[PDB]
Amino acid sequence: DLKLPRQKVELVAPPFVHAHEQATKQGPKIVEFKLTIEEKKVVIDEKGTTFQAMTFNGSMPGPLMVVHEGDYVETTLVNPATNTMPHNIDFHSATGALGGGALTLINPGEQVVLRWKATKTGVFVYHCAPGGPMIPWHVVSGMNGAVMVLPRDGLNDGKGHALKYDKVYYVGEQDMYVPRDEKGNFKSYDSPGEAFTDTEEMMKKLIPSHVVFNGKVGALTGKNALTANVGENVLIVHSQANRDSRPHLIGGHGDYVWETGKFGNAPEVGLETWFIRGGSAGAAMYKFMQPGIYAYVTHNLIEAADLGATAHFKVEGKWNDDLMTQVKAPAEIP
Amino acid sequence: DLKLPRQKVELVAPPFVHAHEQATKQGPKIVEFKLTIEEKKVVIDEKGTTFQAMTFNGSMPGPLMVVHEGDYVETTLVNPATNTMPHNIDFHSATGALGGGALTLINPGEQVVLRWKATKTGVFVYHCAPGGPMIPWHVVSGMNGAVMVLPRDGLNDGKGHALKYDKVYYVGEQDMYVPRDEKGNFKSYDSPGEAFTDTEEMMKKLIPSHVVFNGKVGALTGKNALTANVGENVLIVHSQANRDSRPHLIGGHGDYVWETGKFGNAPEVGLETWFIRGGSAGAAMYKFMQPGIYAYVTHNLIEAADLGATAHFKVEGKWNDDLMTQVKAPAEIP
Amino acid sequence: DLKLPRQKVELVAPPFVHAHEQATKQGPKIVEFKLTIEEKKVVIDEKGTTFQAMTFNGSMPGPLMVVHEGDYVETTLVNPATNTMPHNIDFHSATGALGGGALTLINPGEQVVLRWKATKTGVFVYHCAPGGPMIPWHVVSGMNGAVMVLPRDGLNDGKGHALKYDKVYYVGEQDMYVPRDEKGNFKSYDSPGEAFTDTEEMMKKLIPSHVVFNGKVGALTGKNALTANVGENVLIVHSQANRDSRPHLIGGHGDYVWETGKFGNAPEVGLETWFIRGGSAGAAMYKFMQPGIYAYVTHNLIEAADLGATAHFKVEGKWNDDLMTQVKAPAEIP
Ligand SMILES: OC[C@H]1O[C@@](CO)(O[C@H]2O[C@H](CO)[C@@H](O)[C@H](O)[C@H]2O)[C@@H](O)[C@@H]1O
Ligand SMILES: OC[C@H]1O[C@@](CO)(O[C@H]2O[C@H](CO)[C@@H](O)[C@H](O)[C@H]2O)[C@@H](O)[C@@H]1O
Ligand SMILES: OC[C@H]1O[C@@](CO)(O[C@H]2O[C@H](CO)[C@@H](O)[C@H](O)[C@H]2O)[C@@H](O)[C@@H]1O
Ligand SMILES: O=N[O-]
Ligand SMILES: O=N[O-]
Ligand SMILES: O=N[O-]
Ligand SMILES: O=N[O-]
Ligand SMILES: O=N[O-]
Ligand SMILES: O=N[O-]
Ligand SMILES: [Cu+2]
Ligand SMILES: [Cu+2]
Ligand SMILES: [Cu+2]
Ligand SMILES: [Cu+2]
Ligand SMILES: [Cu+2]
Ligand SMILES: [Cu+2]
């Protein structure tokens, strides 16, 4: 029935985001995406702790999908025979059938094609949700990402002015539940199935062992720090499919923040810390004013420093002594 | 002194809400309600776990009371001699005397009559609050409900347009603390008093054993699923007297949401997930667009699927293939 | 370079706030503050539990600093040789160098002078952040306070009208992690260093032993209750540097609330309970309408009543029977 132009997208791994227009002169299209599920054992910390991950496209989070209001999003979800479990996909951006979950349950060896109309603007979670107790388990195993549905005129500040970002990053935060043995060491398992009983017992106690960005402690640091220049406006999309988070850019602010993540609402301005409700994505933009290192954290600092939830930005440019200066360096007290 | 017309309300058990007008041509009235406290042992899960509940009117949550701005709410609170503890009531909608708590402490065998003027619009928690450590204990035992104070002109979107609901449901969420024995089985107690010491020890550790809607796992499912038709605008009032929640309608949205619950503020639009602060009520309206089953959850999915916090909607009507369609059913990967 | 008038402030201990103007005809100044770090063992509850505290100026929270937009805040941070650890300061109000942390690390026996321009209005956290795992530890040991950056025209309601407070209080909420021995009694330690290993193990489990206002259970009660009169508009600044909170004034409301704490955004009106994201400050104003005792709590009532997080207001004035009245005192049920 639907006679619109088709456009394929090549997804890219987080924290990067596939190329897209903000404001566009294009009308509605069918935008085609493919997600291939991968179950795999991964390392999640600098001590070598392992984890039975379940992923869309091999990454935690799954990749960010970007479309415009009124596009139709046509996703081919593939569950190769090399996996062990059934999986599906639920888009919080979509209307009907449990977000798509009730139309996309696929066994290993199967694929399915779902299309949904992007009638709601904002950033939104997508996640697997097979049914029953499997729902939380697949999500906290890594099976979640986000989609961004932009207005065709791009973003605005609510107050008729345009808000154009120079770059966008997607920070997906993952609460992980890795059981410990009697010694107190993290356990390793041979399969997701074998991890399930211990993992569920821990999950129900509601305290994660690890809280990470991009799948691992330190993932968004060093060579893989986020980057900017003084003068650049950066959009940071943050998602958490299961548990609340409170993002904060140390040394910066949220100049324009949609903490509930939905562009039909004006952004708030000048925030220190914002709040991502578990089961949602939000977004914050900041124009960098100072060079140097920044940390981007959840501002439960225990989670940030001790459980994994810290990213870095490395920012180039000229220091602004008007905004901040060390008037007197450390010295002996007179 | 107060010479206004009196109107009695017949309260109904949640999730239903007693009949009321949205917009009204009535002026201020004294609206009369009766709440009768019931302490009782109840079953809270499908395994037969029991719980020493304390309730207003026999239900968890207590019933929703609905009035209009400027009405006077006159409540007869009754504590029959068949109960064991003193109780009172604190309305977050009311001004003075600890919400009414300091004027309503009644022993078993007593009743009291409190009147308060509804000067603040929104949905608000009411709860028992006897004093000291008894406050949390009575609340987490079930002694909480909500009141809705509507503008006399009904609801609006902040942007001069009316927002009329076709039906309203009240979802009260309850965090419950049921201790376990050494075996690991939930304990049963002969009285609230006997449950207190173990229950308080658990409460202070801040992790519930159960998180339920309408008093029990599965209460708002099956025969007791919530219902709608495509085209119907449904208001969902959600309260949590002690602990945060993050509501989400799986397969839908919050079209208009007052997450802080107060109608003097415009609603936010197009939300995926919203946030009910512990100690508050919020409200979300959605116009259903697709038939089928929806789940209404807190989007800590562990709480939703594993601890009890899932309701269903069953929606009748015609499927909309424009909004969503299964382009290709599950098939072998080529 | 910077040729502006200098003004010294004499800080005062919380919950009080140093004298300041709301609206002002002054232009930008360099406003000079001194903070002297004190490590000390303190008592945190009515049972005599002790705690290895680390503080700015001897208090938990650190004192509230108040300036106006466009002022330059010049802080002399002093770490006397009587302390054992290095410390620094990070202002969420400031731009660059990790909020100032990267320019203020001082060993015992040293001081440093940092200046930052107050370009963002609102209430903001400041805290120590030495590096790595020390960050959460210093914060949850007490090393956090707040700064308020007022518009030069004072506060407004977003809807061109001025919002002038008669008094302001600063409530700093502190999550504390005191380990227990095998008996189940709280442990005492001879130094912060000696407390670290046990304290960090507990911190990572994310459940505080105590949640207090102004450093101790009952600090803002009795002789030290907050006070007001009927007719007075009181601003309550609330901060939490590490963990969420949900403030509520029992028997009152938040008439005007900036829960994210930033004055470039209009306040919300008529709230029951608001939400302070961990890592932030917020503010609420209320005009008292009734005399008597109020409790100001976090509305996780377990935290409020059982873990320490309750303050009182004692309010003088005339009872308003229109707003609330006890129609019939407790009596036997007919
Ligand atoms: O930023 C959204 C916010 O801005 C307002 C204007 O106050 O509307 C702008 O954004 C809408 C959505 O992009 C546009 O359709 C509209 O034309 C534009 O003025 C608000 O209505 C909205 O909540
Ligand atoms: O929805 C509340 C929001 O709408 C505004 C208009 O932007 O006011 C409307 O609602 C008030 C409360 O019902 C009415 O009194 C008012 O007349 C109407 O315009 C806002 O002022 C308010 O925050
Ligand atoms: O309260 C802030 C809120 O109010 C608006 C008007 O709706 O702006 C007022 O506050 C600004 C900051 O103090 C002033 O500069 C402005 O002149 C005044 O109208 C909003 O723009 C703002 O979000
Ligand atoms: O899956 N390993 O690159
Ligand atoms: O601002 N840093 O936690
Ligand atoms: O209280 N039993 O219906
Ligand atoms: O959208 N469901 O968790
Ligand atoms: O530090 N004692 O007052
Ligand atoms: O309103 N008191 O919890
Ligand atoms: Cu899956
Ligand atoms: Cu979901
Ligand atoms: Cu009670
Ligand atoms: Cu309350
Ligand atoms: Cu320090
Ligand atoms: Cu910080």
# chains A, B, ... in the order shown; residues from 1 in each chain; ligands from 1
call {"tool": "residues_around", "arguments": {"residues": "residue 78 in chain C", "least_positions_apart": "6", "cutoff": "8 Å", "atoms": "only C-alpha atoms", "output": "PyMOL selection string"}}
result
(chain A and resi 333) or (chain C and resi 34-37+106+109-112)
call {"tool": "residues_near_ligand", "arguments": {"ligand": "ligand 13", "cutoff": "10 Å", "atoms": "only C-alpha atoms and all ligand atoms", "output": "PyMOL selection string"}}
result
(chain B and resi 89-93+98-99+101+124-129+135-136+139+144+241-242+278-280) or (chain C and resi 248-251+272-273+295-301)
call {"tool": "calpha_fit_and_write", "arguments": {"fixed": "chain C", "moving": "chain A", "output": "tab-separated table (two decimals) with C-alpha atoms, in the first residue's frame"}}
result
chain	number	residue	atom	x	y	z
A	1	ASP	CA	43.44	42.20	34.89
A	2	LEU	CA	40.05	42.25	36.63
A	3	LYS	CA	39.34	45.76	37.97
A	4	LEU	CA	36.06	45.39	39.87
A	5	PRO	CA	35.08	46.28	43.49
A	6	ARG	CA	35.73	43.60	46.08
A	7	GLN	CA	33.21	42.58	48.75
A	8	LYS	CA	33.91	40.17	51.59
A	9	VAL	CA	31.21	37.82	52.87
A	10	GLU	CA	31.10	36.41	56.40
A	11	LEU	CA	29.68	32.92	55.91
A	12	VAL	CA	27.27	31.53	58.45
A	13	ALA	CA	26.55	27.94	59.39
A	14	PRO	CA	23.53	26.20	57.86
A	15	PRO	CA	20.57	26.21	57.93
A	16	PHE	CA	21.01	29.96	58.08
A	17	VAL	CA	22.24	31.98	55.12
A	18	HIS	CA	24.51	35.03	55.11
A	19	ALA	CA	22.81	38.36	54.57
A	20	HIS	CA	22.30	39.31	50.94
A	21	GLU	CA	20.12	41.32	48.57
A	22	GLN	CA	17.59	39.72	46.26
A	23	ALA	CA	17.09	42.41	43.64
A	24	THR	CA	20.13	44.69	43.58
A	25	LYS	CA	21.31	47.90	41.92
A	26	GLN	CA	24.91	46.79	42.32
A	27	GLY	CA	26.83	45.80	39.28
A	28	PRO	CA	29.31	42.91	39.15
A	29	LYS	CA	31.75	42.57	42.03
A	30	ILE	CA	34.44	40.18	43.11
A	31	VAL	CA	32.82	38.48	46.08
A	32	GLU	CA	35.35	36.95	48.47
A	33	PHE	CA	34.74	33.80	50.47
A	34	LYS	CA	36.96	31.61	52.64
A	35	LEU	CA	36.39	27.93	53.29
A	36	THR	CA	38.56	26.07	55.80
A	37	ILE	CA	38.41	22.29	55.63
A	38	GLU	CA	37.94	20.34	58.85
A	39	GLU	CA	38.20	16.57	59.19
A	40	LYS	CA	36.56	15.54	62.47
A	41	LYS	CA	34.78	12.70	64.24
A	42	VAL	CA	31.18	13.67	64.98
A	43	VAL	CA	28.01	12.19	66.47
A	44	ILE	CA	25.26	11.65	63.91
A	45	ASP	CA	22.34	10.17	65.85
A	46	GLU	CA	20.59	10.21	69.22
A	47	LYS	CA	22.15	6.80	70.10
A	48	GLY	CA	25.65	8.26	69.96
A	49	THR	CA	26.81	6.73	66.69
A	50	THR	CA	30.02	8.38	65.52
A	51	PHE	CA	31.15	9.25	62.05
A	52	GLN	CA	34.40	10.32	60.38
A	53	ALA	CA	33.27	13.57	58.78
A	54	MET	CA	35.10	15.75	56.32
A	55	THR	CA	33.71	19.26	56.04
A	56	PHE	CA	33.95	22.70	54.54
A	57	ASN	CA	33.95	25.22	57.43
A	58	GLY	CA	33.14	22.61	60.05
A	59	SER	CA	29.53	21.96	59.01
A	60	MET	CA	27.50	19.46	57.04
A	61	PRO	CA	26.44	20.80	54.64
A	62	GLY	CA	29.04	23.39	53.94
A	63	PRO	CA	27.67	26.93	54.12
A	64	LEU	CA	25.49	28.47	51.44
A	65	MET	CA	27.32	31.08	49.36
A	66	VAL	CA	25.07	33.73	47.75
A	67	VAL	CA	26.01	35.95	44.82
A	68	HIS	CA	24.35	37.53	41.77
A	69	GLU	CA	24.60	36.71	38.08
A	70	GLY	CA	27.80	38.12	36.62
A	71	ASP	CA	29.65	38.40	39.94
A	72	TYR	CA	33.02	36.78	40.23
A	73	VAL	CA	33.34	34.39	43.15
A	74	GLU	CA	36.83	34.33	44.64
A	75	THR	CA	37.26	31.51	47.16
A	76	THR	CA	40.26	30.95	49.39
A	77	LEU	CA	40.24	27.24	50.16
A	78	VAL	CA	42.38	26.34	53.18
A	79	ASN	CA	43.48	22.82	54.13
A	80	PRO	CA	45.19	23.14	57.53
A	81	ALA	CA	48.07	20.87	58.50
A	82	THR	CA	45.83	19.38	61.18
A	83	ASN	CA	44.02	17.46	58.40
A	84	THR	CA	45.28	14.17	56.93
A	85	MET	CA	44.09	14.16	53.33
A	86	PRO	CA	44.32	16.29	50.21
A	87	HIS	CA	41.14	18.09	49.24
A	88	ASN	CA	39.83	20.42	46.54
A	89	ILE	CA	36.59	22.09	45.48
A	90	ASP	CA	34.29	21.66	42.42
A	91	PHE	CA	31.52	24.24	41.92
A	92	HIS	CA	28.62	23.06	39.71
A	93	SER	CA	27.97	26.78	39.10
A	94	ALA	CA	31.38	27.27	37.46
A	95	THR	CA	32.71	26.65	33.94
A	96	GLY	CA	35.97	24.84	33.31
A	97	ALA	CA	38.60	22.68	35.05
A	98	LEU	CA	36.17	20.13	36.46
A	99	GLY	CA	34.25	22.92	38.20
A	100	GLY	CA	37.50	24.19	39.75
A	101	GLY	CA	38.61	20.81	41.10
A	102	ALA	CA	41.54	20.61	38.70
A	103	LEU	CA	42.86	23.96	40.00
A	104	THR	CA	42.32	23.56	43.74
A	105	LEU	CA	43.98	20.34	44.94
A	106	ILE	CA	45.73	21.21	48.19
A	107	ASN	CA	47.67	19.08	50.63
A	108	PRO	CA	47.43	19.61	54.39
A	109	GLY	CA	49.24	22.83	55.13
A	110	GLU	CA	48.25	24.52	51.85
A	111	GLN	CA	45.72	26.99	50.53
A	112	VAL	CA	44.61	28.02	47.05
A	113	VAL	CA	42.57	30.87	45.55
A	114	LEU	CA	40.09	30.17	42.71
A	115	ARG	CA	37.90	32.69	40.96
A	116	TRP	CA	34.94	31.81	38.72
A	117	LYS	CA	32.38	33.96	36.96
A	118	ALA	CA	28.74	33.33	37.97
A	119	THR	CA	27.26	33.00	34.47
A	120	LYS	CA	24.48	30.54	35.43
A	121	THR	CA	21.61	31.42	37.80
A	122	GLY	CA	20.14	29.03	40.33
A	123	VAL	CA	21.19	26.99	43.29
A	124	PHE	CA	24.11	24.63	42.67
A	125	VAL	CA	26.10	22.02	44.56
A	126	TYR	CA	29.75	22.46	45.44
A	127	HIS	CA	31.78	19.50	46.64
A	128	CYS	CA	35.26	18.05	47.07
A	129	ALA	CA	36.42	15.74	44.29
A	130	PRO	CA	40.09	14.75	44.70
A	131	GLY	CA	40.16	12.05	42.06
A	132	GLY	CA	39.02	8.51	41.43
A	133	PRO	CA	37.39	6.58	44.30
A	134	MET	CA	38.18	9.43	46.62
A	135	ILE	CA	35.49	11.49	44.92
A	136	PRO	CA	32.43	9.67	46.30
A	137	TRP	CA	34.15	9.05	49.62
A	138	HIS	CA	34.91	12.71	50.34
A	139	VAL	CA	31.39	13.73	49.26
A	140	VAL	CA	29.55	11.17	51.38
A	141	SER	CA	31.86	12.03	54.29
A	142	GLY	CA	30.26	15.49	54.27
A	143	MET	CA	32.32	17.57	51.83
A	144	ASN	CA	29.51	19.28	49.99
A	145	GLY	CA	27.48	22.48	50.19
A	146	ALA	CA	25.75	24.84	47.77
A	147	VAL	CA	25.90	28.25	46.15
A	148	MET	CA	22.98	30.42	45.06
A	149	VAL	CA	23.36	32.73	42.04
A	150	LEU	CA	20.46	35.19	42.00
A	151	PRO	CA	19.26	37.25	39.03
A	152	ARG	CA	20.06	40.92	39.65
A	153	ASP	CA	16.33	41.63	39.43
A	154	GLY	CA	15.56	38.98	42.06
A	155	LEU	CA	13.31	35.98	41.50
A	156	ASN	CA	10.21	35.88	39.29
A	157	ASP	CA	7.33	33.51	38.64
A	158	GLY	CA	7.78	33.32	34.86
A	159	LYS	CA	4.26	34.74	34.43
A	160	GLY	CA	6.47	38.95	34.92
A	161	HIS	CA	5.80	38.98	38.63
A	162	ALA	CA	8.29	39.23	41.35
A	163	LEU	CA	8.84	36.51	43.99
A	164	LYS	CA	10.41	37.91	47.11
A	165	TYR	CA	11.21	35.71	50.09
A	166	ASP	CA	11.10	36.92	53.67
A	167	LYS	CA	13.71	34.38	54.73
A	168	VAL	CA	15.74	31.57	53.25
A	169	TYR	CA	16.93	28.32	54.82
A	170	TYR	CA	19.44	25.86	53.42
A	171	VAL	CA	18.72	22.19	54.06
A	172	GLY	CA	21.63	20.00	53.07
A	173	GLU	CA	20.81	16.31	53.00
A	174	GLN	CA	23.60	13.78	53.59
A	175	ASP	CA	23.56	10.07	52.83
A	176	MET	CA	25.95	8.38	55.27
A	177	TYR	CA	27.46	4.91	55.18
A	178	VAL	CA	28.40	3.63	58.63
A	179	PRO	CA	29.41	-0.04	58.69
A	180	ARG	CA	28.25	-2.51	61.35
A	181	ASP	CA	30.26	-5.10	63.20
A	182	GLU	CA	29.24	-8.76	63.50
A	183	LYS	CA	27.12	-7.96	66.61
A	184	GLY	CA	25.14	-5.53	64.43
A	185	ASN	CA	26.43	-2.38	66.12
A	186	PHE	CA	27.73	0.61	64.20
A	187	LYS	CA	31.52	0.75	64.07
A	188	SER	CA	33.70	3.60	65.22
A	189	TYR	CA	37.05	4.47	63.67
A	190	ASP	CA	40.12	6.40	64.80
A	191	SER	CA	40.65	8.31	61.54
A	192	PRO	CA	39.03	8.77	58.12
A	193	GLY	CA	41.79	6.63	56.66
A	194	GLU	CA	40.92	3.78	59.02
A	195	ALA	CA	37.20	4.08	58.14
A	196	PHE	CA	37.86	3.98	54.39
A	197	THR	CA	38.01	0.25	53.55
A	198	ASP	CA	34.81	-0.70	55.45
A	199	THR	CA	33.07	2.45	54.37
A	200	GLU	CA	33.83	1.91	50.66
A	201	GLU	CA	32.59	-1.67	50.77
A	202	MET	CA	29.30	-0.41	52.17
A	203	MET	CA	29.09	2.56	49.80
A	204	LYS	CA	29.26	0.28	46.78
A	205	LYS	CA	26.11	-1.52	47.99
A	206	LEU	CA	24.26	1.83	47.59
A	207	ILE	CA	22.17	1.71	50.81
A	208	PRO	CA	22.90	4.42	53.42
A	209	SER	CA	22.76	3.74	57.13
A	210	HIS	CA	21.62	7.30	57.85
A	211	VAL	CA	20.06	10.11	55.79
A	212	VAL	CA	20.25	13.37	57.71
A	213	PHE	CA	19.67	17.10	57.39
A	214	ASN	CA	22.30	19.48	58.72
A	215	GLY	CA	24.61	16.64	59.70
A	216	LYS	CA	22.69	14.75	62.39
A	217	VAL	CA	19.39	13.07	63.20
A	218	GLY	CA	17.17	15.75	64.75
A	219	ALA	CA	19.49	18.65	63.88
A	220	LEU	CA	16.65	20.86	62.63
A	221	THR	CA	14.24	20.13	65.53
A	222	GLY	CA	13.55	21.42	69.10
A	223	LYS	CA	15.51	24.58	69.89
A	224	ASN	CA	16.83	24.28	66.33
A	225	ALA	CA	13.51	23.91	64.50
A	226	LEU	CA	13.13	26.17	61.51
A	227	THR	CA	10.66	29.01	62.18
A	228	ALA	CA	8.14	31.16	60.38
A	229	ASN	CA	5.01	33.22	60.90
A	230	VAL	CA	1.73	32.97	59.07
A	231	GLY	CA	2.07	35.31	56.10
A	232	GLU	CA	5.83	34.81	55.63
A	233	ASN	CA	7.23	33.58	52.34
A	234	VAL	CA	10.07	31.16	53.03
A	235	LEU	CA	12.57	29.89	50.45
A	236	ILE	CA	13.92	26.40	51.23
A	237	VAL	CA	17.08	25.47	49.30
A	238	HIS	CA	17.68	21.74	49.37
A	239	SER	CA	20.82	19.99	48.14
A	240	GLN	CA	21.95	16.39	47.79
A	241	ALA	CA	25.41	15.89	46.25
A	242	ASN	CA	25.23	12.13	45.73
A	243	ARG	CA	21.72	10.67	45.96
A	244	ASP	CA	18.17	11.60	45.04
A	245	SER	CA	15.72	13.12	47.52
A	246	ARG	CA	12.00	13.98	47.40
A	247	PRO	CA	11.25	16.95	49.65
A	248	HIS	CA	7.82	17.56	51.11
A	249	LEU	CA	6.49	20.08	53.63
A	250	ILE	CA	3.92	18.19	55.73
A	251	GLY	CA	0.85	20.39	56.09
A	252	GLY	CA	2.05	22.75	53.35
A	253	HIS	CA	3.01	22.86	49.69
A	254	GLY	CA	5.65	24.13	47.36
A	255	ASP	CA	3.96	27.31	46.08
A	256	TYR	CA	6.77	27.95	43.60
A	257	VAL	CA	9.34	25.20	43.00
A	258	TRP	CA	12.48	24.99	40.92
A	259	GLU	CA	13.18	21.29	41.51
A	260	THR	CA	16.08	21.26	39.03
A	261	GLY	CA	17.12	24.47	40.78
A	262	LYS	CA	17.82	26.86	37.93
A	263	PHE	CA	16.23	30.32	37.75
A	264	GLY	CA	16.34	30.61	33.97
A	265	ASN	CA	13.37	28.22	34.10
A	266	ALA	CA	9.99	29.24	35.47
A	267	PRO	CA	9.00	27.60	38.73
A	268	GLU	CA	6.29	24.97	38.90
A	269	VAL	CA	3.34	25.81	41.13
A	270	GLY	CA	1.36	24.11	43.86
A	271	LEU	CA	3.46	20.99	44.39
A	272	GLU	CA	3.02	18.39	47.08
A	273	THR	CA	6.45	16.74	46.74
A	274	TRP	CA	9.39	17.69	44.53
A	275	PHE	CA	12.56	15.90	43.45
A	276	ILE	CA	16.19	16.78	44.03
A	277	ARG	CA	18.40	14.80	41.68
A	278	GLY	CA	21.54	13.50	43.31
A	279	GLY	CA	24.24	15.97	42.37
A	280	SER	CA	22.04	19.04	42.50
A	281	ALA	CA	20.30	21.70	44.51
A	282	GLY	CA	16.69	22.79	44.13
A	283	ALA	CA	14.55	25.41	45.78
A	284	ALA	CA	10.94	25.80	46.88
A	285	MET	CA	9.08	28.77	48.29
A	286	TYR	CA	5.99	28.60	50.46
A	287	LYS	CA	3.86	31.28	52.11
A	288	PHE	CA	2.69	29.91	55.42
A	289	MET	CA	-1.07	30.00	55.99
A	290	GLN	CA	-1.47	28.08	59.27
A	291	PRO	CA	0.37	28.10	62.61
A	292	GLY	CA	1.74	25.03	64.32
A	293	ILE	CA	4.32	22.37	63.70
A	294	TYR	CA	5.23	21.25	60.23
A	295	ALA	CA	7.62	18.48	59.31
A	296	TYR	CA	9.89	18.90	56.30
A	297	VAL	CA	10.99	15.52	55.07
A	298	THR	CA	12.19	13.44	52.22
A	299	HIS	CA	9.03	11.53	51.32
A	300	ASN	CA	10.63	8.16	51.41
A	301	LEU	CA	9.06	7.97	54.87
A	302	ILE	CA	11.40	5.17	55.92
A	303	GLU	CA	14.30	7.53	55.34
A	304	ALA	CA	12.43	10.37	57.00
A	305	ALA	CA	11.28	8.68	60.19
A	306	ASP	CA	13.76	5.83	60.57
A	307	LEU	CA	17.05	7.00	58.99
A	308	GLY	CA	17.12	10.65	60.06
A	309	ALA	CA	15.64	12.84	57.33
A	310	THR	CA	13.12	15.04	59.18
A	311	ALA	CA	13.23	18.73	60.04
A	312	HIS	CA	10.55	20.76	61.81
A	313	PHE	CA	9.09	24.19	61.34
A	314	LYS	CA	7.41	25.92	64.25
A	315	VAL	CA	5.02	28.53	62.87
A	316	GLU	CA	3.34	31.31	64.84
A	317	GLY	CA	0.06	32.98	63.98
A	318	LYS	CA	-3.72	32.58	63.89
A	319	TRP	CA	-5.41	29.31	62.94
A	320	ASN	CA	-7.54	29.55	59.81
A	321	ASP	CA	-10.73	27.50	60.28
A	322	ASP	CA	-11.78	28.12	56.67
A	323	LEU	CA	-8.77	26.23	55.38
A	324	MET	CA	-9.11	23.38	57.88
A	325	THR	CA	-11.19	22.50	60.88
A	326	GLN	CA	-11.88	19.60	63.15
A	327	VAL	CA	-15.64	19.44	62.73
A	328	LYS	CA	-16.04	16.72	65.36
A	329	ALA	CA	-13.29	15.70	67.78
A	330	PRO	CA	-12.58	11.98	68.29
A	331	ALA	CA	-15.62	10.27	69.76
A	332	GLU	CA	-17.05	6.76	70.21
A	333	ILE	CA	-18.58	5.40	66.99
A	334	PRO	CA	-22.43	5.66	67.21
call {"tool": "select_by_dssp", "arguments": {"residues": "range 49-207 of chain A", "states": "strand (DSSP E or B)", "output": "ChimeraX atom specification"}}
result
/A:50-56,59,64-68,72-79,87,90-91,106,110-117,122-127,144-150,153,156,162,167-176,180,186
call {"tool": "select_by_dssp", "arguments": {"residues": "range 20-152 of chain B", "states": "alpha helix (DSSP H)", "output": "PyMOL selection string"}}
result
chain B and resi 134-140
call {"tool": "decode", "arguments": {"residues": "range 262-269 of chain A", "atoms": "N, CA, C and O atoms", "output": "PDB file, in the first residue's frame"}}
result
ATOM      1  N   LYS A 262      11.619  14.607  24.976  1.00  0.00           N
ATOM      2  CA  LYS A 262      10.579  14.655  23.966  1.00  0.00           C
ATOM      3  C   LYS A 262      10.459  16.082  23.421  1.00  0.00           C
ATOM      4  O   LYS A 262      10.185  17.019  24.148  1.00  0.00           O
ATOM      5  N   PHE A 263      10.671  16.242  22.108  1.00  0.00           N
ATOM      6  CA  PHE A 263      10.907  17.551  21.512  1.00  0.00           C
ATOM      7  C   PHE A 263       9.648  18.388  21.352  1.00  0.00           C
ATOM      8  O   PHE A 263       9.743  19.571  21.048  1.00  0.00           O
ATOM      9  N   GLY A 264       8.475  17.810  21.602  1.00  0.00           N
ATOM     10  CA  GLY A 264       7.272  18.624  21.678  1.00  0.00           C
ATOM     11  C   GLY A 264       7.227  19.541  22.896  1.00  0.00           C
ATOM     12  O   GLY A 264       6.391  20.434  22.969  1.00  0.00           O
ATOM     13  N   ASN A 265       8.130  19.290  23.858  1.00  0.00           N
ATOM     14  CA  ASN A 265       8.284  20.117  25.040  1.00  0.00           C
ATOM     15  C   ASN A 265       9.519  20.989  24.875  1.00  0.00           C
ATOM     16  O   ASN A 265      10.520  20.546  24.334  1.00  0.00           O
ATOM     17  N   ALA A 266       9.446  22.222  25.350  1.00  0.00           N
ATOM     18  CA  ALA A 266      10.609  23.085  25.327  1.00  0.00           C
ATOM     19  C   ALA A 266      11.681  22.492  26.213  1.00  0.00           C
ATOM     20  O   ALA A 266      11.403  21.873  27.253  1.00  0.00           O
ATOM     21  N   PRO A 267      12.947  22.747  25.901  1.00  0.00           N
ATOM     22  CA  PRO A 267      14.012  22.343  26.805  1.00  0.00           C
ATOM     23  C   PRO A 267      14.063  23.242  28.027  1.00  0.00           C
ATOM     24  O   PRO A 267      13.651  24.403  27.959  1.00  0.00           O
ATOM     25  N   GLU A 268      14.561  22.709  29.118  1.00  0.00           N
ATOM     26  CA  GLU A 268      14.981  23.501  30.271  1.00  0.00           C
ATOM     27  C   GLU A 268      16.379  24.041  30.004  1.00  0.00           C
ATOM     28  O   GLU A 268      17.131  23.451  29.219  1.00  0.00           O
ATOM     29  N   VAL A 269      16.735  25.123  30.689  1.00  0.00           N
ATOM     30  CA  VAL A 269      18.007  25.789  30.443  1.00  0.00           C
ATOM     31  C   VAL A 269      18.893  25.810  31.684  1.00  0.00           C
ATOM     32  O   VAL A 269      18.423  25.940  32.823  1.00  0.00           O
TER      33      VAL A 269
END
